[PDB]
Amino acid sequence: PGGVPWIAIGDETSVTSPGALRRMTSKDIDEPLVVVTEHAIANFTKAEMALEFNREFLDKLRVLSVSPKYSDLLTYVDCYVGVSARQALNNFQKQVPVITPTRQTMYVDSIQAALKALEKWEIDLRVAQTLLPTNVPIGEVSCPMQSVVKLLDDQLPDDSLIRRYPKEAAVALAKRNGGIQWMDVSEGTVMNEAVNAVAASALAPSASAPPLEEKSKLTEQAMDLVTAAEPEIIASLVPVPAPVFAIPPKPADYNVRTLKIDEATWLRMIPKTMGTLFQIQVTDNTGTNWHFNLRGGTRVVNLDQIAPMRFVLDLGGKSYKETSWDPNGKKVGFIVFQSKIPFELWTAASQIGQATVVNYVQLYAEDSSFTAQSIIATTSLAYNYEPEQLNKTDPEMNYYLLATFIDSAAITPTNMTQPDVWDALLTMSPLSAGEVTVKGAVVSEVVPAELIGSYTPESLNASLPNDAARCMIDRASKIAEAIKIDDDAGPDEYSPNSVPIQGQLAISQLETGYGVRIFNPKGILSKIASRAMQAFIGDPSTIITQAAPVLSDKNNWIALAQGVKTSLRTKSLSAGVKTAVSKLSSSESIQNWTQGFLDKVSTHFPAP
Amino acid sequence: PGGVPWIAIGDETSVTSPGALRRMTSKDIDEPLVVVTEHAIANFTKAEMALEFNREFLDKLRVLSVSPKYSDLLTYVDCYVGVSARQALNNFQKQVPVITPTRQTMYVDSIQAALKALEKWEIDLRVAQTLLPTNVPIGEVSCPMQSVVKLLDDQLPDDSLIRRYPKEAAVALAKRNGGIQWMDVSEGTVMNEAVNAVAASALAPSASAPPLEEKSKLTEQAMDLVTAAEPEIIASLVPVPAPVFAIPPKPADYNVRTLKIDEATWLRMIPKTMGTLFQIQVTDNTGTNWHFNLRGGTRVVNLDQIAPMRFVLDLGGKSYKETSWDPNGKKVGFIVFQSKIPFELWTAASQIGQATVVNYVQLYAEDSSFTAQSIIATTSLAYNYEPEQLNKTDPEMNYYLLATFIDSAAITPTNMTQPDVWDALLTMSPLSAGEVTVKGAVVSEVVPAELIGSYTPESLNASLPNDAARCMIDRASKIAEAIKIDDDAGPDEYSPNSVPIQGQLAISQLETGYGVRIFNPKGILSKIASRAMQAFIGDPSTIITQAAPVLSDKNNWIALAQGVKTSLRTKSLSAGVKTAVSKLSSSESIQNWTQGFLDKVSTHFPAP
Amino acid sequence: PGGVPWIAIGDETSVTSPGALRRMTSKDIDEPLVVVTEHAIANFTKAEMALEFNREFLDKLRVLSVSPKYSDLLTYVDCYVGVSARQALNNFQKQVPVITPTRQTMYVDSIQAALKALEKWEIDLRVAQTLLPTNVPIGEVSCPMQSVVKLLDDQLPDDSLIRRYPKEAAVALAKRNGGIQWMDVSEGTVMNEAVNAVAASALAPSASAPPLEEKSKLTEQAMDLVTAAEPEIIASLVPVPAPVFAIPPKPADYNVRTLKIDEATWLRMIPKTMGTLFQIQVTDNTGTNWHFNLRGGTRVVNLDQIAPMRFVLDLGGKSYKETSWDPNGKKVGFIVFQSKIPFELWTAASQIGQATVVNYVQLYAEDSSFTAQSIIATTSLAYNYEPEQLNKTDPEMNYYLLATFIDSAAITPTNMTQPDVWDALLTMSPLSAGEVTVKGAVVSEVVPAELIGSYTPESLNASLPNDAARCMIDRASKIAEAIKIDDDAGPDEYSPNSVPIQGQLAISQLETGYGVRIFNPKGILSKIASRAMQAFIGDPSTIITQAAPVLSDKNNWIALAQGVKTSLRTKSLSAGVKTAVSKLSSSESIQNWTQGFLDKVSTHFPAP
Amino acid sequence: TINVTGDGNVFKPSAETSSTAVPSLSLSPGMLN
Amino acid sequence: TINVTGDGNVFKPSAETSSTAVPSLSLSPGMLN
Amino acid sequence: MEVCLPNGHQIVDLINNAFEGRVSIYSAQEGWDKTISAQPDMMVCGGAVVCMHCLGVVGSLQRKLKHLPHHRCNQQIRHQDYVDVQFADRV
Ligand SMILES: CCCCCCCCO[C@@H]1O[C@H](CO)[C@@H](O)[C@H](O)[C@H]1O
Ligand SMILES: CCCCCCCCO[C@@H]1O[C@H](CO)[C@@H](O)[C@H](O)[C@H]1O
Ligand SMILES: CCCCCCCCO[C@@H]1O[C@H](CO)[C@@H](O)[C@H](O)[C@H]1O
Ligand SMILES: [Cl-]
Ligand SMILES: [Zn+2]
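Reading the values: the criteria
Residues numbered from 1 in each chain as written, not as in the entry; some residues may be left out. Chains lettered and ligands numbered in written order. Part of a larger assembly, values for the part shown. Heavy atoms only, no water. Helix = DSSP H or I, 4+ residues; strand = E, 2+ residues; numbered from the N terminus. Buried < 20%, exposed > 50% of the residue type's maximum accessible area, 1.4 Å probe, protein only. Areas by Shrake-Rupley, 256 points an atom, 1.4 Å probe, with all protein chains shown as cover. Rg over C-alpha atoms; globule rule 2.2 N^0.38 Å. Contact = heavy atoms within 4.5 Å. Buried area = accessible area lost by both parts, 1.4 Å probe. Salt bridge = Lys/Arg side-chain N within 4 Å of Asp/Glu carboxyl O. Donors = N, O, S within 2.8 Å, 3.2 Å for Na, K, Ca; no water. Tetrahedral: all angles 85-135°; square planar, octahedral: opposite > 155°, others 65-115°. Patch = residues over 30% accessible without salt bridge, like charges linked within 9 Å, V, L, I, M, F, W, Y side chains within 5 Å. Polar contact = N/O pair within 3.5 Å; in protein donor to acceptor, adjacent residues only side chain to side chain. Pairing = 2+ DSSP bridges. Near = heavy atom within 4 Å. Nonpolar A, V, L, I, M, F, W, Y, C, P; charged D, E, K, R; others polar. Axes fitted to C-alpha atoms, helices over the stretch in contact; angles between N-to-C directions. Least-squares fit on C-alpha atoms. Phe/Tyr/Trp six-rings, centres within 6.5 Å; stacked < 30°, edge-to-face > 60°. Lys NZ or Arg CZ within 6 Å of the ring centre and 35° of its normal.

Looking at the PDB entry, one finds chain F named SIGMA 3 PROTEIN, with Reovirus sp. as its source organism.

Engineer: What is the right way to read the overall build of chain D from this model?
Structural biologist: Broken down by element type, chain D carries 1 helix and 1 strand. Projected onto its principal axes, the C-alpha coordinates of chain D cover approximately 50 × 25 × 10 Å. Out of the 33 residues belonging to chain D, those deemed buried represent 67%. As presented, chain D carries roughly 1,100 Å² of accessible surface, and 55% of it is formed by carbon and sulfur atoms.

Engineer: Help me out: how do you make sense of the overall build of chain F in this one?
Structural biologist: The number of helices and strands found in chain F is 2 helices and 4 strands. For chain F, the succession of helices and strands along the chain, N to C, is α-β-β-β-β-α. A compact globule built from 91 residues would reach a C-alpha radius of gyration of about 12 Å, and chain F, at 12 Å, matches this within 12%. Overall, chain F is about 35 × 30 × 25 Å in size when its C-alpha atoms are taken along their principal axes. Taken across its 91 residues, chain F has 51% of its residues classed as buried.

Engineer: Explain the interface of chain A and chain B here, please?
Structural biologist: The parts lose accessible area when they come together, and the size of an interface is often stated as this lost area. The partner chain B presents 107 residues to the 106 residues of chain A that form the contact. For the pair chain A and chain B, the summed buried area comes to about 8,700 Å², and 60% of that belongs to carbon and sulfur atoms. Broken down residue by residue, the surface that chain A buries against chain B is led by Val198(A), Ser369(A) and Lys522(A), which jointly contribute 8%. Linking chain A with chain B are 9 salt bridges, by the criterion used here. One salt bridge connects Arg531(B) with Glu388(A), and the closest N-O pair in it is separated by 3.6 Å.

Engineer: Looking at this structure, how should I read the coordination of the zinc ion (ligand 5)?
Structural biologist: In an ideal octahedron of six donors the angles at the metal are 90 or 180 degrees, and in an ideal tetrahedron of four donors they are 109.5 degrees. Residues and elements named next belong to chain F. Protein coordination of the zinc ion (ligand 5) is provided by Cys 51 (SG), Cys 54 (SG), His 71 (NE2) and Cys 73 (SG), with donor distances spanning 1.9 to 2.3 Å. Considering all 4 donor atoms around the zinc ion (ligand 5), the spread of angles at the metal, 100 to 120°, places the coordination shape in the tetrahedral class. Owing to a relative accessible area of 1%, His 71 belongs among the buried residues under this scheme.

Engineer: Before we go on, may I ask you to explain a nonpolar patch on the surface in this structure?
Structural biologist: Taken together, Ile11(F), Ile15(F) and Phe19(F) make up a surface patch of nonpolar side chains, about 320 Å² in accessible area. Looking at the secondary structure, you find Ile11(F) in helix α1 (residues 8-18).

Engineer: Help me understand the interface of chain A and chain E, please; the structure alone is not making it clear to me.
Structural biologist: With 51 residues of chain A at the interface, the matching set in chain E holds 28 residues. Taken together, the two surfaces of chain A and chain E that pack against each other cover about 3,400 Å², and 59% of this comes from carbon and sulfur. On the chain A side of the interface with chain E, the three residues burying the most area are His39(A), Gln146(A) and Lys167(A), jointly 15% of the side's total. There are 17 residue pairs in polar contact connecting chain A and chain E. Secondary-structure elements contributing two or more residues to the side of chain A that touches chain E are α1 (38-52), α6 (145-155), α7 (166-176), β6 (180-181) and α8 (197-203) of chain A. It is α1(A) that contributes the most residues to the side of chain A that touches chain E, 7 residues altogether. For β6(A) and strand β1 (residues 10-11) of chain E, the ladder comprises 2 bridges, and the chain directions are antiparallel. Its bridge partner lying in β1(E), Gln181(A) is registered against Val10(E).

Engineer: What's the story with helix α16 (residues 499-508) of chain B in this structure? I'm lost.
Structural biologist: Given 3.6 residues to a turn, an α-helix orients residues that are three or four positions apart in the same direction. For α16(B), the buried fraction is high: 9 of the 10 residues fall into the buried class. Restricting attention to buried positions, one finds in α16(B) the residues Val499(B), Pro500(B), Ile501(B), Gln502(B), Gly503(B), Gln504(B), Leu505(B), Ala506(B) and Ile507(B). Contacts from the buried residues of α16(B) go to α17 (522-538) and α18 (554-569) of chain B together with α5 (101-131), α6 (145-155) and α19 (577-604) of chain C.

Engineer: Looking at this structure, how should I read the arrangement of the chains?
Structural biologist: Separated without contact, chain D and chain F have their nearest C-alpha atoms at a distance of 36 Å. Without any contact between them, chain E and chain F keep their closest C-alpha atoms 46 Å apart.

Engineer: What exactly am I supposed to notice about the pairing of strand β1 (residues 4-8) of chain C here?
Structural biologist: All names here are of chain C. Most of β1 is tucked away, with 4 of its 5 residues classed as buried. Here β1 pairs with strand β4 (residues 75-82) via 3 bridges, running antiparallel. Bridging across to β4, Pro 5 finds its partner in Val 81. Here 3 bridges tie β1 to strand β2 (residues 21-23), and the two strands are oriented antiparallel to one another. Residue pairing for β2: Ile 7 is matched across the bridge by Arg 22.

Engineer: Is there a simple way to think about the site of ligand 1 in this case?
Structural biologist: Every residue lining ligand 1 is accounted for by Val149(A), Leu152(A), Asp153(A), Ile162(A), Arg163(A), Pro166(A), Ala169(A), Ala170(A), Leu173(A), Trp182(A) and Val4(E). Two or more chains meet at ligand 1, and those chains are chains A and E. One of the side-chain N or O atoms of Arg163(A) is found 2.8 Å from an oxygen atom in ligand 1. Among the elements that line the shell around ligand 1, the one with the most residues is α7(A), at 4 residues. Looking at the shell around ligand 1 residue by residue, the classes come out as 9 nonpolar, no polar and 2 charged.

Engineer: I would appreciate a short explanation of the side chain of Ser374(C) in the present structure.
Structural biologist: If you trace the backbone, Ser374(C) turns up in strand β17 (residues 374-376). Setting aside residues up to four positions removed in sequence, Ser374(C) forms contacts with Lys318(C), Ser319(C), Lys321(C), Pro327(C), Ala365(C), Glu366(C) and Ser368(C).

Engineer: Teacher, can you tell me more about unusual backbone geometry here?
Structural biologist: Note: most residues except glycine have negative phi, and most peptide bonds are trans. Phi at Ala547(A) takes a positive value of approximately 55°, unusual for a residue other than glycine. Following the sequence through the fold, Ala547(A) ends up in the loop between α17 (522-538) and α18 (554-569). Of note, the phi angle at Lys69(C) is positive, near 45°, even though the residue is not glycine. Among the secondary structure elements, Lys69(C) is positioned in the loop between α2 (55-60) and α3 (70-73).

Engineer: Explain the site of ligand 2 to me, please; I cannot follow it from the model alone.
Structural biologist: Residue and element names in this part refer to chain B. Around ligand 2, the neighbouring residues are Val 149, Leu 152, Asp 153, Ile 162, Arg 163, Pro 166, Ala 169, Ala 170, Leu 173 and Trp 182. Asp 153 is positioned with one of its side-chain polar atoms (N or O) 3.4 Å from an oxygen atom of ligand 2. Interatomic distance of 2.8 Å between a side-chain N/O atom of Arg 163 and an oxygen atom of ligand 2. For the shell around ligand 2, the secondary structure elements donating two or more residues are α6 (145-155) and α7 (166-174). By residue number, the principal contributor to the shell around ligand 2 is α7, which donates 4 residues.

Engineer: Can you help me understand the sheet that holds strand β18 (residues 398-406) of chain B in this one?
Structural biologist: Hydrogen bonds between backbone atoms are what pair the strands of a sheet, whose relative direction is either parallel or antiparallel. All names here are of chain B. Spatial strand order, β8-β11-β18-β13-β14-β9-β10: 7 strands in an open sheet with mixed pairing. Both outer strands of the open sheet, β8 (267-269) and β10 (289-295), are each paired with one neighbouring strand and no more. The mean inter-strand angle of the sheet, taken between neighbouring strand axes irrespective of direction, is 35°. With 2 bridges joining them, strand β11 (residues 299-302) and β18 adopt antiparallel strand pairing. The residue of β18 that forms the bridge with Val 301 is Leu 401.

Engineer: Where do I start with the relation of the copies chain A and chain B in this structure?
Structural biologist: A rotation about some axis, followed by a shift along it, carries one copy of the chain onto the other. Least-squares fitting of chain A to chain B yields an RMSD of 0.0 Å, with the transformation described by 0.1 Å of translation along the axis and a rotation of 120°. Put plainly, the chains are arranged around a three-fold axis. When the interface residues of chain A are mapped onto chain B, a mere 1% of them again fall at the interface, so the copies present different faces.

Engineer: Sorry if this is basic, but what is going on with the packing of α1(F) against helix α2 (residues 83-90) of chain F here?
Structural biologist: Residue and element names in this part refer to chain F. It is at 8 Å that the axes of α1 and α2 come closest, and there the two elements cross at 35°. The segment α1 lies against α2, with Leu 14, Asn 17 and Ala 18 engaging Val 85, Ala 88 and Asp 89. The class makeup of the residues in the contact of α1 with α2 is 4 nonpolar, 1 polar and 1 charged.

Engineer: Honestly, the environment of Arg86(A) in this entry has me stumped. Any pointers?
Structural biologist: With respect to the secondary-structure elements, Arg86(A) resides in helix α4 (residues 85-89). Remark: the alpha-carbon pair of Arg86(A) and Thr371(A), spanning 285 residues in sequence, is separated by 86 Å.

Engineer: Which parts of the structure should I look at to understand the packing of aromatic side chains?
Structural biologist: Ring pairs (aromatic) are described by centroid distance and by the angle formed between their planes. Taken as a whole and assessed by the stated rule, the structure comprises 64 aromatic pairs over all chains. Ring centres of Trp593(B) and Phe597(B) lie 6.2 Å apart, and the angle between their planes is 10°; on these two criteria the pair is classed as stacked. Residue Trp593(B) and its partner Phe597(B) are both found in helix α19 (residues 577-604); the two are separated by 4 residues, about one turn of the helix. For the pair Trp593(B) and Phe597(B), a shared accessibility class is recorded, and that class is buried. Taken together, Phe292(A), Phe337(A), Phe343(A), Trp346(A) and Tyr400(A) form an aromatic cluster joined through their ring pairs. The ring of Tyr455(A) is capped by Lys439(A), whose NZ or CZ atom sits 3.4 Å from the centre of that ring.

Written as structure tokens, this is what we have:
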């Protein structure tokens, strides 16, 4: 049952339109009413139990002797039920649990007020249950209850409430641990006082199987990973909108100077050996004029098409010390150019279009471990590339980013000869998680399957932080994580998660293609598939890496990505054979350890 | 129902005090009894189903022909119910499901023993369902059942149980896949034998919506992230206890030599250009005497106030090679000083107070890629700063950490001129997750909201691994992750998660402040808000970064942090419009791919 | 109830064998039938509510006026119930909810089709609820409803459906937010129209306790972490199969040149000072011949026993510039040797056995920040070590990996004197997640407990990416994460998660061992335990680190690992004392902030 | 029959009335059977 | 009526009797309705 | 066995080698030895082994190849389409 109670506005049974109904209120049994669901009843009732676990203490504390009892506040009523009038109109119900907001609140506040009172007792009681082993993974262990109490008495914190209400603590423990039993002085009787036998049955191992709760949970955790990865998205063969494909990105590091321009498509460079060299002047947003030189070798970042991006430059550790130039006290800055002329063609100050020094810092140098070298202090020169702020209009406009030495005095070309200060650590951070790029430039949509096996190690390393590959890799790794939670296959052993590839391979070698055909027996295809899966789990980026043995083929990827869903969903509270034995074998060793400890306890706190 | 069964100690109905009750035992229908909950019944019953999916196999295996049937072991009884006597006392129930621990255990052991038997069959059966596509994301696909069996027969592992019980495997599959149907040879009849139609209905897409289970799960995963982030804590405007605010920290790297002392408040340095230079002697904890020099430039870590911290120094890659000093075979060590005199003021050995060489390693050098330079092998010189071990008493006591060359022979000042060996990679790891610092020093509590926009890039980089900002960032990123799971907004598009900022901005520009006021139409504030949110998701550290466009204002942060809760909680099994289409579009392409593959199968394993 | 409906094949009641039964079909009330579970009923019914929250809008939209109503399509039937015939055979049921697949699908499609229609309305309605605060963490806040509508009208997107159906939007909001109430113009009456009072009761704080849903969720999240860590595995004292122990690994970086060979057991080196030097020739897989020299200092990776592994070498930033050798334009490659002679003994070309240049790249150099030095561009020289591809047979066979300069022309020994180009950044990535190594070599199984305190910082740093320690650390950190979610203990304060260690310590100092015995009062053992736990949470790797104060002892580890399970499981919807106050204190400050904002709203959009 | 622009309307957000709709339900396969 | 210091008391932890209280319940909004 | 195109930098490498006469060519007739001319079946482009019939990557320098790998080849790359490189290299 669920929703709200509706009563015939005025006419008994002759109710026909949604208008003939009205929110049944308290004045019909002046707050409005609400249907208390089957679920809500079951759970809030279980909440009450939370208090009853410490009934003996609560009373000895003279507080909340009136245990809440939810079913008591409920009022069963015959009425039309629904969230809306229309739905309610065709749904009459007999004996609907109902309650007013105020009473629901008053109830919960009683449970909470109670828990607040148990606040410390709750902690002190847990402290007693973990000071020494109160449980064991498998089997059973024992210790002279008197030795146990001796120990507690010798170690519990002075302010423990247990020291003030020993007998109440006894009940409290016995109420939740079937293994802790207090003999009735009256009838010399002793027995399990725990109220959680059913629950514990799901947390214990059988002679040859791990706990059902564990097998269930773990398998559930594998499926949540697969769902979060989104099989349909990462195995899609058609375009997927960038916003939909993307996920929270991570930063990336580069040394713009050591990148290869035929690999990092977002860099431009003035060719050396041309004697190109020209001094220019640019102002910062406060009108201050700056001097710097552009020459053969100078590199810049082609801002256009990289999407929102934050740049942070760290010249820490570098030298830049020359015969007639000391970086100490000098200044470096980020300059953003706006010109119609391609950067590679620059040779005169007249071609730089519109330029602005967007940020700068003063450097501090000292002596490094390397003799004769100066070491520059760490910097954090930042620049946020916000496409909307630049507002590119003219399609022939190029947007460039440079990092060089800037000075209030013209920089003598023969003193400071470096082309720029890009030989530093650059950290890029996307300023958006709704745009994706592929090898340097923005794309409005991605085709996940075509990413498979299309990146060389060089290309991946040079891609921007918001590259589709990088994203594909982070989504894929959730699949790898999932497969590993369920798969305990050793080297070359088949499994429900490796065979999907084997299937593709089996058919693939039969398909008519080109080149020398080969035939592998099922047994060998089975291994190749196993190794492919292992390589994937150990390095998820292999799927987007060129020529990667088997994962380089989009078909094997799709088969695996999609297969996993079936592999997990068709399980029945099961656990790997290899795993099942290992778990029990391990649980036993821990049980044994537990006993050996309890013995030491008995030995150092002897029973009378 | 739930708890334990209570019976009137001796007097029928005349029960009044909790004492008038006793734990109803087996001898009343000699173990004590337990209430089997509505929940436990529903779930353990579903566990039984796990076995029945393979009934045909289990029997052909002559094991557990007696399918457990839980409701059978239950014994309904009229009694008082509760975890405690008092609660039970005012809660009489008719027909309470009851059971003894031993029987509950015996039951589960029957289910587990059964699953243990299905161990391999479970795996081989899944292997058959993933070798080739057994499902499809959307729509339907087909293949000659004979071709499918041909394939399986050609590829399944030799030891597959399926090869030994083909017909049982058939039923098993048909029992869980409505798409696999075996014709009855008897009546030429063929039909869906699956027992999971209801379940599958939640996993399938409708003509224009993704599966309900998916929409539900993903939204659930976003909320768990928001809950784990703790909105009330990260948006709090009042102090929050360090222990409560903190979370498991991560290590950080620094090169103490390249840090700026006006940025890293935990470093002290002896001023250069003063001709300061003095040789000292200190012993290690084994009484061995060591020699080393302190001079202009020497830096130390001010240990006081940084909280428990582990230091590890790596001189790998560095040179330290000088005209009359070769690092090869030399030794470096960590020295901890205890003096009342500020380090900057040191010039004579008499001011160093109490010193101890706490650790040292011998270096190994070789030749590096850089000619004329020697490269030092990797080191892992460690030191754990435990405040309690030092036991600072005198408030005028300073605690310093140094890293220099130490030797058994006096180190000639003109041979080894370096101030220290801090030009190395230092890795700091907090030795506590209950203490937090802010810009170098410990604080007993944090005000999350004041952290917003108060760190410069320089300052963040120099902060200690246990800095509040770093923590704020890791908690905040869970929010960013959450928003992205739900938001598929493209550039400049509004969304339920961006507008909270827009609201603050809308009012903010109206508030009377100081400076030139500006008025932006809703349309522009909407975009600015969108970009702010994107920048946040792409770089969560923007919220604690100074002058960060919109996230630099604590009000926009609080609005966002708190808004997300409402944004997610008021959803109704929904999914982004852009996403909904993309999913179905992608599912279709996969379905098509699935068919194309099944065709290849039919082609290479033709039906008769 | 659950499974499928079974009817007596032909004979009423005289049913005895499973054969006497048949899948009850639609032709008995021609699709087969399925049992609709208690669970399925409750949840799909709640799905319908999703639509009814917007009934007023749906109708004004003239679509799906026929609210689905699931209980309507159900057909109750008396029959035998079960997944199999046998189970069903001994389980007759009266009034079993039943339905055909087609109808179940038709039903869900009605709900989905409806949600698809609500697609935008859903978003626009959430946008209205987050534009300004629609909720508050604790307490209550208010604002002139007219001011609120003024604001919305001034800020909502033009295309908002709310602008087109204001009154429907009103109902919609009021239906889910008890705080939004619209006065009935008719009777001047005003009241809570929300249908979710019960739910909200679990999300609100009581005078001194955080929301029950929060306390529940967080504790649940701690337990999932502990389950995923697998206490039985990480605390096991007996061997655990590598596949079972391992988890998805991460890459590691090294500079093979700076590693200490007495630390990294996977490296071999030709001794210097022996005048060893010899030029050799090897071909690549395309038959092309290459030249390179091996000499004193040359290092190689001993491939044997490291498990599947990918190597990627980055010479970026390095120089290698010598008087008669310029790296610019030169080539480096990975060479794999197969010889029976140990590498250390090599001195002549005749001892290298079988060699192949497996990959190579051409280098690009430029000028670095360091004068007189050349800086090599970034490289990504890769090599995948697949043990199965090498196929080691002869036990005396050694497999080596080298990285040097290779050239088409003999490399003059006096020109290029470097031993190799291993002074670079090497990144190793496991190509398998089913194999584990311990300090350089593969092991078929691990004994988790013996890993405790057996690694020095040096050794850990030199271990391979697939080292057991590294894995142990990643599993253990899930435990640390779990403890922190639940523990808000400050410095030196005991807790349910620290005492387990205290217990071990308490007994340990009593055990008869060797050496000077010491006795610490409970009070001091309590602290030491606290600090140990904090150090663990702040740096999980301390457990596998040698001499690590308390976590270096396997007993304290096992006690902690196992203790946590009990610590969490015996909680009752509780939250730390320190936390409880902090949460409420913070919720209040946010509530106050919320009000202050609503005031600004009222001020800038005054009510009439 | 309400006036979005009228008086007598109420805007009092409170912890006790936390808005919620139907974010997620229990739809796992094993539970639905 | 028990003696924490007396005999006849029992301390036998076992897998079958794993202690537990009420760590967490099902309180999501969509479920409580 | 689906194949992908080589990356930009790998084609740049092919060209650079060609003008040093060191492109590694494989023909079914002569194998990896290009002493005797024959139509190219595969060429090495910056580490990758490319099929000269579709220009797809069918291998790498890591694993040795004795024949042109069996792959789903579009077979639309004609000799005339890359002979300019072959000419450059041989000359
Ligand atoms: C549930 C079992 C709890 C056992 C813990 C017992 C702790 C003993 O507590 C001690 O008991 C003594 C005798 O009453 C008192 O004199 C001491 O002050 C008190 O600290
Ligand atoms: C559920 C459908 C499973 C189809 C898998 C069929 C695998 C066939 O299995 C084969 O059957 C032959 C004929 O009985 C035997 O002679 C072979 O030994 C056996 O391996
Ligand atoms: C649930 C409460 C929603 C309040 C939002 C009100 C948005 C007002 O919307 C405006 O109303 C005016 C008068 O009808 C129209 O003339 C405008 O075109 C319309 O945009
Ligand atoms: Cl549930
Ligand atoms: Zn081809």
